[PDB]
Amino acid sequence: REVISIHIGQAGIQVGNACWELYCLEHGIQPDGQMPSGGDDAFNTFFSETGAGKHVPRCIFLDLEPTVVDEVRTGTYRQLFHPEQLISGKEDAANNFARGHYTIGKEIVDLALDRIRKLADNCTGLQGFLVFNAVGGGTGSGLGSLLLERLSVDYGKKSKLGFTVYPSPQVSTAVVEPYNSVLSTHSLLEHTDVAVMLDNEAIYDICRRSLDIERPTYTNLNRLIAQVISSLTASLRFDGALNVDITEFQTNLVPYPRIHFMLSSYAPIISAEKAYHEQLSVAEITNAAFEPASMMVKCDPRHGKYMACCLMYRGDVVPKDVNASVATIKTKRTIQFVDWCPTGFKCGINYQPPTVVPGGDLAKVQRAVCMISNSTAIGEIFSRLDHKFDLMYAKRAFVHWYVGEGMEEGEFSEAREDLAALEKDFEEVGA
Amino acid sequence: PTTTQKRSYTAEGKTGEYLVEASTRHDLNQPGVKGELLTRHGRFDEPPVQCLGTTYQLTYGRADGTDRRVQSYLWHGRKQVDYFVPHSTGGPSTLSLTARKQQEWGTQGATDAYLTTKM
Amino acid sequence: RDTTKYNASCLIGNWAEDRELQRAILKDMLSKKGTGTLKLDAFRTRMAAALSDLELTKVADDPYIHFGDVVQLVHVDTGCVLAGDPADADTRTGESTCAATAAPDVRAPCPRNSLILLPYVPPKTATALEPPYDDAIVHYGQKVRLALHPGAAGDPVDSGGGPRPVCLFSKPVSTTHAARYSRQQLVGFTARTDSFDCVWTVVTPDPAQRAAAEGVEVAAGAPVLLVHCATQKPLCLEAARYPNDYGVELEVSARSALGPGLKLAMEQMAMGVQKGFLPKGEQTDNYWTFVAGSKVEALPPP
Amino acid sequence: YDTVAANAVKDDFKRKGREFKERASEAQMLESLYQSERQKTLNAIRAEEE
Amino acid sequence: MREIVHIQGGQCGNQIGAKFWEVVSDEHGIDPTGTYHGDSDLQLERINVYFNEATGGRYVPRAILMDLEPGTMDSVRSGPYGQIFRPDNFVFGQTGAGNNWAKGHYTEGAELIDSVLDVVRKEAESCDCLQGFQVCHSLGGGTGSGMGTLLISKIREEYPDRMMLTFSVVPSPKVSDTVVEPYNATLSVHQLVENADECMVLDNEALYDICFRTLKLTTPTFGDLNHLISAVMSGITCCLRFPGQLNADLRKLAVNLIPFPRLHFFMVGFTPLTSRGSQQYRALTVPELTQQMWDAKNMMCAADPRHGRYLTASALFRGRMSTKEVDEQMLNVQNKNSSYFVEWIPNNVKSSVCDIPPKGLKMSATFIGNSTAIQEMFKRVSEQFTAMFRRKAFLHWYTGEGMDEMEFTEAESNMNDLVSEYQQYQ
Amino acid sequence: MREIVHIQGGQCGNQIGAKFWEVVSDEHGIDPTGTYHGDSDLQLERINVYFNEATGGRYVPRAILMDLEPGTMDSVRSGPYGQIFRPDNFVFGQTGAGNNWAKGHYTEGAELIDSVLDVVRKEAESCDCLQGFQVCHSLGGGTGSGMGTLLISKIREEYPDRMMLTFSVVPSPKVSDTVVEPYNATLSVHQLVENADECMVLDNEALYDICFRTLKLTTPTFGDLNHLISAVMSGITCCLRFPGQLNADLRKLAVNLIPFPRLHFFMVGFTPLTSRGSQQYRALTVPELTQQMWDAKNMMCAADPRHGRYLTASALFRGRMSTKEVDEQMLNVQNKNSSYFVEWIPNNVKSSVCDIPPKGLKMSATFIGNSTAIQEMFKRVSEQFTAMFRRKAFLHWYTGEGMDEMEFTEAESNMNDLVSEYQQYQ
Ligand SMILES: Nc1nc2c(ncn2[C@@H]2O[C@H](COP(=O)(O)OP(=O)(O)OP(=O)(O)O)[C@@H](O)[C@H]2O)c(=O)[nH]1
Ligand SMILES: Nc1nc2c(ncn2[C@@H]2O[C@H](COP(=O)(O)OP(=O)(O)O)[C@@H](O)[C@H]2O)c(=O)[nH]1
Ligand SMILES: Nc1nc2c(ncn2[C@@H]2O[C@H](COP(=O)(O)OP(=O)(O)O)[C@@H](O)[C@H]2O)c(=O)[nH]1
Ligand SMILES: [Mg+2]
């Protein structure tokens, strides 16, 4: 069983830069490509083995500006990544969905695809793809969606776990991110299967409150995102008491073919001294995984009702106490669940406790919980974005850029009304 | 001044011994106690009390040397008789079957290839 | 609700119950320790017997290796003396075969590492003219079998090599008998020493030299080939990892490590040229050297 | 089928590893008992020398 | 002579089977290498029921292990008593269903079931006189429930005369692992009411509070639960393996317990189970065993039997005991609580005695009761199923593989009709 | 006494023959130095069937290696077992044929056949009472098939009363080496049906299939397939070389398997074939051999016999066996699957038992079935020959050599009516 990862844009590949550091640490691979000194297959799902003592990752970095990519090529992991896997266009998409979806995509995506095909060929028991992108930008939005379309028309039945960095309501680093987010969602809808949102305001607040770091950069955000990804692939990687594979999220968390948008949370986010302070048990972390002060997307689930929840546990955890904790959760009334789904939990347990990266801010914990939940707070989020989209669209601002790249008002209108239909659908199922 | 990515990802924290320290493989063993020790009844300094005698072989065959009574071999609440209930009947009268099948396993193990059946 | 947990020493919650469960667990380990039937101490005595200080002997002063002394066998290219554990023999109904490998980490003279040369006497049925040697010294082209020092139990004897000896053997590649990790003749230490398979020959490596050096005393440090005399195939290092208990060794098997450089055997055979009468030279992994013993001590006869 | 064979080798590797881990785990408990009694006699010595 | 073919399905089935073959191998004294090293010959005469002489004392089990993920197969071949299973008996797919009954019954079964049928065939004609089949699996999973019930259906249409025991765990709401527990459980039980001969309902909730209250553990992990189920399975089969004063085989138990062809869902218990701090407190006598046996906190199902009536019951005693004390104890527990038993069947209790208690114990007993409080468990599942289907929730993952909606309607009708007839006979 | 002369043609023939002589020399214990060193005197009594005493027990094999490229002969003399063949028996051309049947049958046979006929006639008249000749060769190559068929022609012209086996590998479309496979195969088959006594069809497709499914091998090089084919060839001639309870030589097997003089294309299987990880977990019983022997995926040809009817079948057993279980197992497999056997011949299964097992084994078997499923293979080849000959591809390397077009028409017509008469007798 193997899984491959693709990183698109400027955010996706920095996230991957953290993620692969974490993976090499967890499987004990030196940054130059080999273990120091057998017969362990635990690494096989993420790193292929070649020649004599050389492990090359199964991921494809791709971006349209060569800057960050050859920055990786000059970084610490030069011998690690395959020379071909890093793929770099000559000029960016520049916050322009049409530019990243029609102009440069048409020449970069074919190379990316005939490359990922050889990756899948060398693979044997492919679980599926997992993609890392941000919809606020141009590259990851446009060519992201383009490669998603073509991956779906090539394979289709293989699941596509998509980790997408949505824009925050008040914190904004762009201007046309409403347009771009809408246009990306319009295809994310019917091409992604399990789409997990990761904001930035929520993670900023997490690093402010729990890790009590006051002036954080993107490095810390990406580090804990990598923590989450590794915590949800630990079940494929290692042998636990109750493992859950990639298809389980597709089965237990997507009740209707157009409702797949998951709030994610991780616990416990604890620094060094507070590790000594606190007595880590299961009830308090299972509780901590449910407050809005620990969700990776800034929204209030108190206004929404849950559809399904999935709980990956890592470390010295037995089913007894997790069962007791989720029973306490179900009998509490501060949170609520959709009446029609009467059993909305799915546990999964893996034995290995999460690792810690030297120089990181997280401490060595005995056990950890990664919660992936479904709700209607996301239906609230999409309306909040829709409002600011139509505000700009009413005056046709910034549209001349897209229509000069080649598109027209038709896509804008149809994506707007699709988001409206999706709003109606969420308000209907939260019945 | 250096680039932010290189200020964060370096080689000092890795590859010396910390990889060995972080490849613990704590997921492997996770030892349980045992199965038998949960259900065993009796003192734990002694081997488990295996009863390998049935009422027929005990009474009709009179496996125990002293033929006292039919109901003496049954388990009662009282220590007056519980002391003298026999647990195992050791003898060739039982071990005849293993004698036979061990002779068979021996002749299976030790065989000559060049022995025509006729001769 | 949920409350904090505590150590067994403090009395709180069901302290009595967890403490008692632990009491019984530990009592089991103690009883087994008294008996001596734990996995731990099961193979500690085996380690004591299999790895003990051993001194190699020579029967005479001369440098050439002699029949009946305790010798080592080591690969010239990479050291890694050859040694077969008496334990972990393959389990079948009629098989007493025991696997033998090449240990890189353990090269010090040990009971299991040591080989003891036994003279092979041909039966009456065998139809093989043999050069007659009177002296006790071993030469080239002479049939020889190799047993190993008793690492399981017993005491060494001049030619018996313990009460039951196990000698080096190898059987051709059938469906039953094949090396575990590669597809060549397996090499083990069978207990049926009198079978012809156990006989070996020591031949000089260079193809041209051997005919001229047909019968000459063999020295200690000289590199030589061990060829199975029933299959005429040399002994080789398989270069495959082998996971037995003492360490991660290398597989040892019998293949003819030939460089794929063709020789015009047929044309040269028709022509009758001298160069025709020669087997292709073997590769560097076939070379083995005997390590003799400095001190002089004859082993006790059976 | 080829992958099945490839796994058939690693299974033997795992068997040997697990044996070794268990034989070390027992000595771990032995040393725990040893250290408990050693600390007992240590405090006994510290008490009487005062 | 009389042969039991054991089948293990899914992760739950594989792990339970592992502990099961550990305990059985202990009882017959065969060492984890695979050779006989016991003492008496009471063990040797009845190993053909569970093993086969290979050659030279090599006794290998007559088991078939099947799943879809290699994770279970690695955990099976890791632990001790993992070297005795025949390598040809590891029929094993590669994709993995993962909580999808349709993938477990229409897609993956369609290429795996033929191969496991080849192995099951070859295994069934290798022995002469089958007593029947014994299969341990789950109902919430995909590769155990769907694949197992498909195999159950296939073998029940090929060998219609042999017995069949199904040890199936059932989902509970308080201890609920997956989200589609109802969508899988109802379809599986809908297959079991027409293919299985009798089912022994297990669940994790009853096993947990047993390990809390009676056994008094701290962390009752899965290894201990699997051993409790292992003790139960060995206790139910002891009658074939050992001589006793009153033998009672599987079919003898089935006819004494099944009054009607659709009333074959049992609840099971095991005795004695006491805390290790209180072992020496209790004597080993039939009254003490019986009081623990008929208690509601010793059933291995989440159904208070005092919420209904017992139709029939059975008690398998092991150990040198007196039959008068056995029968008088059954008479007292039936006459005292006479309201809890049905009126139109006299002598609702079947009993049996064998002479060999399990190793480590002096005397044991196994309870098997066909009660009508099991409809409370099926109502508990069916009410959740009616919730999800009405909204057609989670349904497209099922319908997009070969299943349609009326299959779910049939499962509703069967469950509603089954709990109707249990409520009828109350 | 009764003698067998060996003849190998082509690259496939040379490498099969090399492994074959390695196995037979092993069975009689003679080392590649040329000297007997075995223990039991049962092995001396029947080596004249294969060897000749030269000087001091030097036993050289009674074989003739022929080909046109020295590359195979260098591989023969390179390794072990290269010093036992007499240098005079290395009859050896120097030009080369290269997948051209015309070269191998008209232009290169013209100058090689004088030398091989001299060698074979000298090596045949050297021993007194021939049993027959044996040929191993391929049907894809040129110097194997071309020279092979021409030699068969001249030999049957000279010595008509002696028997003649031909182990021929036919090329499969799934494992297809060369391009002129049909043009060689059909012309060789048209020659074999008129001159060969009986032929035993091997195929690399079924051999690879066996080393994957049954043997569970990692890297099946040609050494393994050569070992399997050799195991077949030792099994077919076992009864000459060792005393048994019911002897059956080649002429006895030919008369009991060839009902009509053109129906002499047998199919072959071998038993037992189990992985070394699955060798300890099995017993050795005659049903254990029969189950695998009559299995469909165990034949060494690319024809499932379940698509046809067994005309006749033969079983050669080795080892100290019980004749009763041998006969009744043959009877049961004959009576149960009564559809796969022809009607107008009762007792279709000739059987024989020898008392010496193959080395390293306890008890083995060898299957030789004359079925009407072989016409699947001949159709599978003949349709490709028609596909090429319709548009004259590759034709000129044949036509411009002496061969004409009518040779192709007769080859196809004889191919066609052979398949038609096989289909008629089904
Ligand atoms: N959390 C997090 N977000 C990032 C990171 N890098 C970029 N982003 C987000 O990415 C969004 C813009 O998209 P970018 O990835 O920067 O650029 P792009 O997607 O390649 O599109 P172009 O700039 O047109 O090429 C910003 O809103 C950032 O919030 C990162 O390292 N961590
Ligand atoms: N009693 C017990 N139950 C188990 C064990 N392992 C898993 N389970 C149960 O199996 C159920 C899920 O089954 P699942 O693994 O999805 O079955 P599968 O995927 O089809 O093989 C859960 O409710 C667990 O409680 C075990 O070792 N013992
Ligand atoms: N089983 C087996 N088949 C072989 C061997 N060598 C060649 N072949 C097959 O023989 C066919 C070609 O034979 P070829 O070498 O052309 O015969 P030649 O040219 O007449 O000597 C190919 O399909 C090969 O697969 C071998 O050693 N064993
Ligand atoms: Mg960018």
# chains A, B, ... in the order shown; residues from 1 in each chain; ligands from 1
$ closest_atom_pairs --of "chain C" --to "chain F" --cutoff "8 Å" --atoms "only C-alpha atoms" --output "CSV"
residue,atom,partner,partner_atom,distance
C:91,CA,F:280,CA,7.5
C:92,CA,F:280,CA,5.9
C:93,CA,F:280,CA,8.0
C:125,CA,F:37,CA,7.3
C:126,CA,F:37,CA,4.8
C:127,CA,F:57,CA,5.3
C:128,CA,F:35,CA,6.0
C:129,CA,F:56,CA,7.2
C:174,CA,F:227,CA,7.4
C:175,CA,F:276,CA,7.6
C:176,CA,F:276,CA,6.5
C:177,CA,F:360,CA,7.4
C:195,CA,F:39,CA,7.9
C:196,CA,F:37,CA,6.9
C:229,CA,F:31,CA,7.5
C:230,CA,F:31,CA,5.0
C:231,CA,F:31,CA,6.1
C:232,CA,F:80,CA,5.8
C:233,CA,F:80,CA,6.3
C:256,CA,F:79,CA,6.6
C:262,CA,F:74,CA,6.9
C:263,CA,F:74,CA,6.5
C:264,CA,F:74,CA,6.8
C:265,CA,F:74,CA,5.8
C:266,CA,F:70,CA,6.5
C:269,CA,F:87,CA,7.8
C:279,CA,F:78,CA,6.3
C:280,CA,F:78,CA,6.5
$ write_last_selection --atoms "N, CA, C and O atoms" --output "CSV table (one decimal), in the first residue's frame"
chain,number,residue,atom,x,y,z
C,91,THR,N,13.5,-27.8,9.9
C,91,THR,CA,12.6,-28.8,10.5
C,91,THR,C,11.8,-29.5,9.5
C,91,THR,O,11.0,-28.9,8.8
C,92,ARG,N,12.1,-30.8,9.3
C,92,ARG,CA,11.3,-31.7,8.5
C,92,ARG,C,11.3,-33.0,9.2
C,92,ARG,O,11.9,-33.2,10.3
C,93,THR,N,10.7,-34.0,8.6
C,93,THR,CA,10.5,-35.3,9.2
C,93,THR,C,11.8,-36.2,9.2
C,93,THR,O,12.2,-36.7,10.2
C,125,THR,N,32.8,-50.1,-3.4
C,125,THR,CA,32.0,-50.0,-4.7
C,125,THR,C,32.6,-48.9,-5.5
C,125,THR,O,32.6,-49.0,-6.8
C,126,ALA,N,33.0,-47.8,-4.9
C,126,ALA,CA,33.5,-46.6,-5.7
C,126,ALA,C,34.6,-47.0,-6.6
C,126,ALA,O,35.5,-47.8,-6.3
C,127,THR,N,34.5,-46.5,-7.9
C,127,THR,CA,35.3,-46.9,-9.0
C,127,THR,C,36.3,-45.7,-9.4
C,127,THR,O,36.2,-45.2,-10.5
C,128,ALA,N,37.1,-45.3,-8.4
C,128,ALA,CA,37.8,-44.0,-8.5
C,128,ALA,C,39.3,-44.3,-8.2
C,128,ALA,O,39.6,-44.6,-7.1
C,129,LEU,N,40.2,-44.2,-9.2
C,129,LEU,CA,41.6,-44.4,-9.0
C,129,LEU,C,42.0,-43.2,-8.2
C,129,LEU,O,41.8,-42.0,-8.6
C,174,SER,N,17.4,-29.1,-6.4
C,174,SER,CA,16.1,-29.7,-6.7
C,174,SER,C,15.0,-28.8,-6.1
C,174,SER,O,15.3,-27.7,-5.6
C,175,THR,N,13.8,-29.3,-6.2
C,175,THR,CA,12.7,-28.5,-5.6
C,175,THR,C,12.8,-28.5,-4.1
C,175,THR,O,12.4,-27.5,-3.4
C,176,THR,N,13.3,-29.6,-3.5
C,176,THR,CA,13.4,-29.7,-2.0
C,176,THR,C,14.6,-28.9,-1.5
C,176,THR,O,14.5,-28.0,-0.6
C,177,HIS,N,15.8,-29.2,-2.0
C,177,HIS,CA,17.0,-28.7,-1.5
C,177,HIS,C,17.5,-27.5,-2.3
C,177,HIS,O,18.1,-27.7,-3.4
C,195,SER,N,27.9,-40.2,3.9
C,195,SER,CA,27.4,-40.0,2.5
C,195,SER,C,28.5,-39.4,1.7
C,195,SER,O,29.3,-38.6,2.2
C,196,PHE,N,28.5,-39.6,0.4
C,196,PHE,CA,29.5,-39.1,-0.5
C,196,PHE,C,29.4,-37.6,-0.7
C,196,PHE,O,30.4,-36.9,-1.0
C,229,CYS,N,32.9,-32.2,-4.4
C,229,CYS,CA,33.4,-33.2,-5.3
C,229,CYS,C,32.4,-34.0,-6.0
C,229,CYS,O,32.7,-34.7,-7.0
C,230,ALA,N,31.1,-34.0,-5.5
C,230,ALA,CA,30.0,-34.7,-6.2
C,230,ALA,C,29.4,-33.9,-7.3
C,230,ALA,O,28.7,-34.4,-8.1
C,231,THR,N,29.5,-32.5,-7.2
C,231,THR,CA,29.0,-31.7,-8.3
C,231,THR,C,30.1,-30.9,-9.0
C,231,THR,O,29.8,-30.2,-10.0
C,232,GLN,N,31.3,-30.9,-8.5
C,232,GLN,CA,32.4,-30.1,-9.1
C,232,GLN,C,32.1,-28.6,-9.2
C,232,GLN,O,32.3,-28.0,-10.2
C,233,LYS,N,31.5,-28.1,-8.1
C,233,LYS,CA,31.1,-26.7,-8.1
C,233,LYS,C,31.7,-26.0,-6.9
C,233,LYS,O,31.5,-26.4,-5.8
C,256,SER,N,29.2,-21.6,-9.6
C,256,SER,CA,30.5,-21.4,-10.4
C,256,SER,C,30.5,-19.9,-10.8
C,256,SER,O,30.0,-19.6,-11.9
C,262,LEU,N,33.0,-15.6,-23.2
C,262,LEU,CA,33.0,-16.8,-23.9
C,262,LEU,C,34.4,-17.4,-24.3
C,262,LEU,O,35.3,-16.6,-24.6
C,263,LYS,N,34.5,-18.7,-24.2
C,263,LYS,CA,35.7,-19.3,-24.7
C,263,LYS,C,35.3,-20.2,-25.9
C,263,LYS,O,34.3,-21.0,-25.8
C,264,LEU,N,36.1,-20.2,-27.0
C,264,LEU,CA,35.8,-21.0,-28.2
C,264,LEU,C,36.1,-22.4,-27.9
C,264,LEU,O,37.0,-23.0,-28.6
C,265,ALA,N,35.4,-23.0,-27.0
C,265,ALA,CA,35.7,-24.4,-26.6
C,265,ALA,C,35.7,-25.3,-27.8
C,265,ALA,O,36.5,-26.2,-27.9
C,266,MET,N,34.7,-25.2,-28.7
C,266,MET,CA,34.5,-26.2,-29.7
C,266,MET,C,35.5,-26.0,-30.8
C,266,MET,O,36.1,-27.0,-31.2
C,269,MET,N,38.7,-27.2,-29.4
C,269,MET,CA,38.7,-28.7,-29.3
C,269,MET,C,38.9,-29.4,-30.6
C,269,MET,O,39.7,-30.4,-30.6
C,279,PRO,N,39.1,-25.0,-17.8
C,279,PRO,CA,37.9,-24.4,-17.3
C,279,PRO,C,38.1,-22.9,-17.2
C,279,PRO,O,39.2,-22.4,-16.9
C,280,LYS,N,37.0,-22.2,-17.4
C,280,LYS,CA,37.0,-20.7,-17.3
C,280,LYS,C,37.4,-20.4,-15.8
C,280,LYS,O,36.9,-21.0,-14.9
$ interface_residues --of "chain C" --to "chain D" --cutoff "7 Å" --atoms "only C-alpha atoms" --output "list in words"
residues 39, 40 and 243 of chain C
$ write_last_selection --atoms "C-alpha atoms" --output "CSV table (one decimal), in the first residue's frame"
chain,number,residue,atom,x,y,z
C,39,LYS,CA,13.2,-17.8,26.7
C,40,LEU,CA,15.9,-15.6,28.1
C,243,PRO,CA,18.9,-13.3,9.8
$ residues_near_ligand --ligand "ligand 2" --cutoff "8 Å" --atoms "only C-alpha atoms and all ligand atoms" --output "number ranges by chain"
A: 241-243; E: 9-13, 15-16, 67-68, 97-99, 104, 137-147, 169-171, 175-178, 202-204, 207, 222-223, 225-226, 229
$ write_last_selection --atoms "N, CA and C atoms" --output "short mmCIF file (atom, residue, chain, number, x, y, z; two decimals), in the first residue's frame"
data_model
loop_
_atom_site.label_atom_id
_atom_site.label_comp_id
_atom_site.auth_asym_id
_atom_site.auth_seq_id
_atom_site.Cartn_x
_atom_site.Cartn_y
_atom_site.Cartn_z
N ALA A 241 -3.97 -0.71 16.90
CA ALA A 241 -5.02 -1.61 17.35
C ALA A 241 -6.23 -1.56 16.44
N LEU A 242 -6.46 -0.42 15.79
CA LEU A 242 -7.65 -0.25 14.95
C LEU A 242 -7.29 0.78 13.88
N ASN A 243 -6.86 0.30 12.73
CA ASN A 243 -6.35 1.17 11.68
C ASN A 243 -7.45 1.51 10.69
N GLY E 9 -12.78 -14.33 9.35
CA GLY E 9 -13.03 -13.27 8.39
C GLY E 9 -12.83 -11.90 9.00
N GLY E 10 -12.17 -11.03 8.25
CA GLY E 10 -11.99 -9.66 8.68
C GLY E 10 -11.03 -9.53 9.84
N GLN E 11 -10.74 -8.28 10.19
CA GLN E 11 -9.77 -8.01 11.25
C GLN E 11 -10.21 -8.62 12.57
N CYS E 12 -11.46 -8.41 12.96
CA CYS E 12 -11.95 -9.00 14.20
C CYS E 12 -11.87 -10.52 14.16
N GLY E 13 -12.23 -11.12 13.03
CA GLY E 13 -12.18 -12.56 12.94
C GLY E 13 -10.77 -13.10 12.99
N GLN E 15 -8.09 -11.74 14.50
CA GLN E 15 -7.47 -11.62 15.81
C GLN E 15 -8.11 -12.57 16.81
N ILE E 16 -9.43 -12.72 16.75
CA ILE E 16 -10.10 -13.69 17.61
C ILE E 16 -9.62 -15.09 17.28
N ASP E 67 -9.01 -12.17 4.54
CA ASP E 67 -9.18 -10.75 4.79
C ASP E 67 -8.92 -10.03 3.48
N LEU E 68 -8.69 -8.72 3.55
CA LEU E 68 -8.29 -7.96 2.38
C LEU E 68 -7.09 -7.05 2.61
N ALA E 97 -11.72 -3.51 1.57
CA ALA E 97 -13.06 -2.95 1.43
C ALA E 97 -13.24 -1.72 2.31
N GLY E 98 -13.06 -1.88 3.61
CA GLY E 98 -13.13 -0.74 4.49
C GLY E 98 -14.51 -0.18 4.71
N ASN E 99 -15.35 -0.91 5.45
CA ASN E 99 -16.63 -0.41 5.93
C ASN E 99 -17.60 -0.15 4.78
N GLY E 104 -17.80 -5.44 0.00
CA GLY E 104 -17.55 -6.73 0.60
C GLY E 104 -18.42 -7.85 0.08
N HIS E 137 -16.40 -13.78 12.81
CA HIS E 137 -16.25 -12.58 12.01
C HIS E 137 -16.96 -11.44 12.73
N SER E 138 -17.11 -10.32 12.03
CA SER E 138 -17.77 -9.14 12.56
C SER E 138 -18.97 -8.78 11.71
N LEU E 139 -19.70 -7.76 12.15
CA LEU E 139 -20.86 -7.27 11.43
C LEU E 139 -20.77 -5.81 11.05
N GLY E 140 -19.83 -5.06 11.62
CA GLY E 140 -19.72 -3.65 11.32
C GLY E 140 -18.77 -3.36 10.18
N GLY E 141 -17.77 -4.23 10.00
CA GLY E 141 -16.77 -4.02 8.98
C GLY E 141 -17.25 -4.39 7.60
N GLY E 142 -16.36 -4.22 6.64
CA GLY E 142 -16.68 -4.56 5.27
C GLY E 142 -16.11 -5.90 4.84
N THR E 143 -14.83 -6.12 5.10
CA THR E 143 -14.20 -7.35 4.61
C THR E 143 -14.53 -8.54 5.48
N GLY E 144 -15.08 -8.32 6.67
CA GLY E 144 -15.52 -9.43 7.48
C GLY E 144 -16.98 -9.75 7.27
N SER E 145 -17.83 -8.73 7.39
CA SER E 145 -19.27 -8.93 7.32
C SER E 145 -19.70 -9.33 5.92
N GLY E 146 -19.44 -8.46 4.94
CA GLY E 146 -19.90 -8.73 3.59
C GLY E 146 -19.25 -9.96 2.99
N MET E 147 -17.92 -10.05 3.07
CA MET E 147 -17.23 -11.20 2.52
C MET E 147 -17.63 -12.48 3.24
N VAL E 169 -19.66 -10.51 16.23
CA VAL E 169 -19.81 -9.36 17.11
C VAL E 169 -20.85 -8.43 16.52
N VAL E 170 -21.59 -7.75 17.38
CA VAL E 170 -22.63 -6.85 16.91
C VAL E 170 -22.33 -5.44 17.40
N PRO E 171 -22.71 -4.42 16.66
CA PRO E 171 -22.48 -3.05 17.12
C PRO E 171 -23.42 -2.64 18.23
N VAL E 175 -20.90 1.81 22.56
CA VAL E 175 -19.61 1.48 21.98
C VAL E 175 -19.81 1.32 20.48
N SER E 176 -19.70 2.42 19.74
CA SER E 176 -19.98 2.45 18.32
C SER E 176 -18.72 2.90 17.60
N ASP E 177 -18.17 2.03 16.75
CA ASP E 177 -16.91 2.38 16.10
C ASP E 177 -17.12 3.17 14.82
N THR E 178 -17.83 2.60 13.85
CA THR E 178 -17.96 3.25 12.56
C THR E 178 -19.29 3.99 12.46
N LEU E 202 -22.13 -11.71 19.91
CA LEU E 202 -21.14 -11.08 20.77
C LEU E 202 -21.24 -9.57 20.62
N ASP E 203 -20.65 -8.85 21.56
CA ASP E 203 -20.54 -7.40 21.46
C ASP E 203 -19.45 -6.92 22.39
N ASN E 204 -18.96 -5.71 22.13
CA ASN E 204 -17.87 -5.17 22.93
C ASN E 204 -18.35 -4.47 24.18
N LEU E 207 -18.61 -7.06 26.90
CA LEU E 207 -17.28 -7.52 27.26
C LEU E 207 -16.54 -6.48 28.08
N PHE E 222 -7.80 -5.29 23.68
CA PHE E 222 -8.44 -6.30 22.84
C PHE E 222 -7.88 -7.69 23.08
N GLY E 223 -6.66 -7.80 23.59
CA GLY E 223 -6.10 -9.12 23.84
C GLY E 223 -6.88 -9.90 24.88
N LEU E 225 -10.23 -9.33 25.71
CA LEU E 225 -11.54 -9.65 25.16
C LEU E 225 -11.46 -10.85 24.24
N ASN E 226 -10.45 -10.87 23.37
CA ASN E 226 -10.32 -12.00 22.46
C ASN E 226 -10.09 -13.29 23.21
N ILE E 229 -13.63 -14.46 24.51
CA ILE E 229 -14.32 -15.12 23.42
C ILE E 229 -13.66 -16.45 23.10
#
$ closest_residue --among "A:296, A:208, A:39, A:311" --to "chain C" --atoms "only C-alpha atoms"
A:39
$ interface_residues --of "chain F" --to "chain E" --cutoff "7 Å" --atoms "only C-alpha atoms" --output "list in words"
residues 278, 281, 282 and 283 of chain F
$ interface_residues --of "chain A" --to "chain B" --cutoff "6 Å" --atoms "only C-alpha atoms" --output "JSON, numbers by chain"
{"A": [28, 30, 351, 352, 358]}
